[PDB]
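Now for the letters of each chain:
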Amino acid sequence: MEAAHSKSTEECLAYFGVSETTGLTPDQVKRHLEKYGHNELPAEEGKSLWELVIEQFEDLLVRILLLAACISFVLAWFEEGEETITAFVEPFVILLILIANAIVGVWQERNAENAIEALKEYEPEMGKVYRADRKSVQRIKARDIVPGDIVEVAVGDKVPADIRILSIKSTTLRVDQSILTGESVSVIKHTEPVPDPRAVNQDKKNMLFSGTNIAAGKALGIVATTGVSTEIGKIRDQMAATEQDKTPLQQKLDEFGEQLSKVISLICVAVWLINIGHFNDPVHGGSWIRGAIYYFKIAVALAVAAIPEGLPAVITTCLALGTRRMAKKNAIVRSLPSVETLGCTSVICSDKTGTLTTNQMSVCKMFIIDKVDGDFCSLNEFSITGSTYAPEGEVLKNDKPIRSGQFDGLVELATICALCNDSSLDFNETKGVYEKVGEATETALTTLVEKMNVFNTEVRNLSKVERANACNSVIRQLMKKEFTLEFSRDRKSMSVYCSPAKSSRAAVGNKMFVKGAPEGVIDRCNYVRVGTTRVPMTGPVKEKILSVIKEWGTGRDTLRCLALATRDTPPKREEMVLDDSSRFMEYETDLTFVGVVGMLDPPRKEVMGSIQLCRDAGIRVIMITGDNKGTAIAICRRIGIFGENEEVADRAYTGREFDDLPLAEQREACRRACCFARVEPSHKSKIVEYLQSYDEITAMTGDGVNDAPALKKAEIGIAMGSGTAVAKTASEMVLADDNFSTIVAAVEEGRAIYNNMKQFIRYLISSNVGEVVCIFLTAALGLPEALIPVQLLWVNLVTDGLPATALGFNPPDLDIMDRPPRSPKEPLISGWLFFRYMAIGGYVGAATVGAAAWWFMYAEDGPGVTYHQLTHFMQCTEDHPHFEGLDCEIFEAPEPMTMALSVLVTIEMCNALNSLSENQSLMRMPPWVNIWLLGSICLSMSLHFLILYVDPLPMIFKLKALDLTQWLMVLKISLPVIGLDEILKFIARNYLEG
Ligand SMILES: C/C=C/C/C(C)=C\[C@H]1C/C=C/C=C/C[C@H](C)/C=C(\C)[C@@H](OC)C/C=C/[C@@H](O)CC(=O)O1
Ligand code: NA
């Protein structure tokens, strides 16, 4: 039964065919359980396992490197040399990375908790039910409960399933629907049915939702839906259906891996095409086994050269340091990639109360009737000081302090605000300041009564805590609080029946004091109050009242008006049906207008400027509120979303309007609108769907499980620090202080990371690009192998890793919030940036190969060999006459490879300095700006010396120590990289920046 709320208690029992006395029979229990199923949310199956490791080895590039691991292992064992400990290093270090890199990708245990599993924490263990097999009540597993069961609930008990209330045994039943409403006010339930079939959950005054807990009372009911059919279940299935897409950067890195795969496979064939001359060679000259060794050892060496295998570890460390940086600015980011994608935030949908406002409710203005006489009508406006729940303030008329006790209308004003009120103030000892109890609105009314002091009670003689509820307590002494009529969303008001105490205060029998929506309550007023006297509610007066109501709500004041009326001669205690909620409408009719109070929900202290930041940063901001459209628009004008004087007719919508519009116009509305009022529960997710259709990275916010579906569906799920765990588990970011400013503060930081992160990306790939050029040149010309894969890996991991990670601490841009959000379809490298790191990379290939060739041909301590025979070194012992110098070990010497490797490290430290900025010269920004970069470079070069000196190392990398005679040549060939980059950067700022 889905629409059990719109059915009578007799109908729900007739449908399931159940007896309210004995309940379901064990025969029905099996039949219902087999038809509907167990009352429990489905445990998340199809989880991750060893298969999650397989997913890391799915990409094409990772398979290439994996194949390089297998090919390397094949060439390892099959060899003549007896290199013992330094043989299986090539296959070993490959697995070290393939293991480490795979562990980073499988890392989804400590940095992302499941939201649906956290949602299972709201379903209780056991529940009370009445089965026909026994007399007294019997509790069982909540999962054993079925639709039709006559369940029982009391105070403290957590509701097992969606229950249709049958009968309330206690005086009144209260339930804390905080998880499904957000408003932590214990709502009151009833037995009578709700006429609307498609009524919202808040309107369901006769339902007990699963996950909800009873705040007070005890009642018996019949189970309508169970498990996935419950309100919690319907929310769960929405989250289980929504698939979280990968951040735009992640898609580009995957897209890059595909491009780099084509590059490797292309050159592997290109190398084979260059050696097409071997097809025209004799059989009696060399062997296929000698050739394949060079081809295979080239492919594996070419694979590691192109791949930036150090990148993943570099970014993970950067984002990890980015997480601690964001948490300091009050922004608890959950997932690592979320810190980067946060800068790409295009839209921000935020809630008014709590986030945009301080939620420090306080009555600012209040007007009553001064006198009515024919066409003439005069009011009496006032103003209140003290933007807080504290009583420290005063009332004044027209910027002049007054005594509210001398105004009869204001006396009854405080009377209604005191009696018709469930909230109260409370002084705190720990913090040392007044606090609120109940609703924010009603607490402001309590504070107002304390400020007014209409009876002039003692004030200075009272203590701090004792006077917290002084004037209000004095008011409660006059009238007795018989009973209150609950606040319903259909009439939007609250009244209270009050009988006079044994005091004789001119009390004409019993009275009712009503408060609620101005436009609604004023209509139910046939009379009007003028001090002590009464007059008939005429047109001119009704205009003057509603006009001032509109002036306060639409004006710059942005006040939440609240009309206060009273029923002079209410019906007797007997005639009033105390249970009928719909009858509260006529019980609050024939009222007499007393006055009105205008309160303000003051905006945040920083939102005034934070909104302006979004305007300059090209980020759109969409407010979502519960206030009326007129005031919601006025509030937007005040904070900065709207201008003081501009069009907003089609840029602002209500929940009522948005539904009436067609599907296409709803999408057309979401692209321009930025202010939604009276939003329905399903609107947050709908709006996000329309924002995602425009490829806009959206950031929706929420606090309860009602928003969970919208949060998880959004790119950047924004949750409150005070929100429920389900919201914080479903959110990508959690605001620690619940502020829209800290929302933008994190967005600004996310952009800064994007710049510094993308900087060391082009830095590392630029390194790998030159490594490929070194292999392609040393292979095409047929030179002695310039570099070895065992070396390159340590170069990309440590040598390039330390400085690359240090580039994350680079200074930000002063004009970062001036540019618009980064486009999701924006590449890492393009056009000029491609050529720039292509030339810078292409040079290192000639630097490394040239450094090695330098030792072979024109060197100091090296054997003078010519270029034409140096390219045919593989024919060592064959062509003896041409090769007449030293042992064949000379071509396989450690010196030349050390020259190529040493040059690679030297230029990389220099290229790291070139990567301090994108185009800014080293003259403008010195290389000592980033302190962490210098420290990493000192450590990088320190490690470069260590692998050469400490004997246990140089034998492994096939390298030997270099003296000043050889090191001087390294600086001569390496340092020119800075001058080249300086020329390139100069061309960018001059003949390109336009
Ligand atoms: C982009 C943001 C991702 C977040 C985190 C926390 C980790 C990612 C970082 C991704 C690196 C991608 C690099 C592209 C190059 C081309 C690929 C390799 C060197 C691959 O090795 C050949 C290794 C891929 C590792 C990732 O799958 C692990 C991961 O989650 O890292
Ligand atoms: Na999400």
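The numbering scheme restarts from 1 for each chain and tracks the written sequence of that chain rather than necessarily the entry's numbering. Residues without coordinates are not displayed. Here the convention is simple: chains get letters from A, ligands get numbers from 1, in the order in which they are written. Each side-chain value is derived from all of the structure's non-hydrogen atoms; neither hydrogens nor water enter the calculation.

Structure determination for this PDB entry was carried out by X-ray crystallography, with a resolution of 3.500 Å recorded in the header.

Moving on, we get to the site of ligand 1. When at least one non-hydrogen atom of a residue lies within 4 Å of a molecule or strand, that residue is treated as near it. By nearness alone, 18 residues border ligand 1, and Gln 56, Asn 101, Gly 105, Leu 253 and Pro 308 come closest of all. Between ligand 1 and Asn 101 there is a distance of 3.1 Å, counted from an oxygen atom to a side-chain nitrogen or oxygen. What sets the accessible areas is the Shrake-Rupley method with a 1.4 Å probe; for residues, cover comes only from the shown protein chains. The fraction of the free accessible surface of ligand 1 (680 Å²) that becomes covered by protein chains is 84%. Those elements that place two or more of their residues in the shell around ligand 1 are α5 (89-105), α9 (248-274) and α11 (311-328). Three classes are used: nonpolar for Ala, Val, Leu, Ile, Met, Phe, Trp, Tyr, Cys and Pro, charged for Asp, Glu, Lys and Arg, and polar for all others, with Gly counted as polar. Of the residues in the shell around ligand 1, the class split is 12 nonpolar, five polar and one charged. Definition of a polar contact: a pair of N or O atoms within 3.5 Å, with one able to donate and the other able to accept a hydrogen when the atoms are protein atoms, and with sequence-neighbouring residues admitted only if both atoms are side-chain atoms. Secondary structure elements are defined from DSSP: runs of H or I of at least 4 residues count as helices, runs of E of at least 2 residues count as strands, and each element is numbered from the N terminus.

Only N, O and S atoms count as donors, using a 2.8 Å limit from the metal and a wider 3.2 Å limit for Na, K and Ca, and since water is excluded some coordination spheres may look unfilled. The protein atoms that coordinate the sodium ion (ligand 2) are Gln 244 (OE1), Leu 711 (O), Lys 712 (O), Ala 714 (O), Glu 732 (OE) and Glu 732 (OE), at distances spanning 2.5 to 3.1 Å. For the sodium ion (ligand 2), the six donor atoms are set out with angles of 46 to 164° between them, so the coordination reads as irregular. In terms of primary sequence, the donors binding the sodium ion (ligand 2) are separated according to Q-x466-L-K-x1-A-x17-E. Think of it this way: with four donors and all angles in the 85 to 135 degree range, the site is tetrahedral; with four or six donors, opposite ones beyond 155 degrees and the rest between 65 and 115, it is square planar or octahedral; otherwise it is irregular.

Put simply, a disulfide is two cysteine sulfurs that come within 2.5 Å. One pass over the full model with this rule turns up one disulfide. The disulfide partner of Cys 876 is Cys 888, and the gap between their sulfur atoms is 2.0 Å. Because the sign of the S-S torsion sets the handedness, a value of about -100° for the bond joining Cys 876 and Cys 888 places this disulfide among the left-handed ones. Highlighted residues: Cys 876 in the loop between α31 (867-870) and α32 (894-914) and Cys 888 in the loop between α31 and α32, separated in sequence by 12 residues.

What follows deals with helix α18 (residues 539-554). The length a helix should cover is 1.5 Å for every residue beyond the first. For α18, spanning 16 residues, the distance from its first C-alpha to its last is 22 Å, which sits close to the expected 22 Å at 1.5 Å a residue. For α18, the complete set of buried residues consists of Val 541, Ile 545, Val 548, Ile 549, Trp 552 and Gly 553. Looking straight down α18, one finds its buried side chains confined to an arc of 130°; they lie on one side. Pointing more than 90 degrees away from the buried face of α18 are the exposed residues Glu 543, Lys 550 and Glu 551. Contacts are residue-level and defined by heavy atoms, with any inter-residue pair within 4.5 Å sufficient. Residues of α18 that are buried in the fold lie against β12 (362-373), β13 (376-384), α17 (518-521), β22 (560-567), β23 (591-600) and α21 (629-639). With a 1.4 Å probe rolled over the protein chains alone, any residue whose accessible area is under 20% of its type maximum counts as buried; one over 50% counts as exposed, and the rest are partly exposed. Regarding the arc, it is the one traced by the directions from the helix axis to the C-beta atoms.

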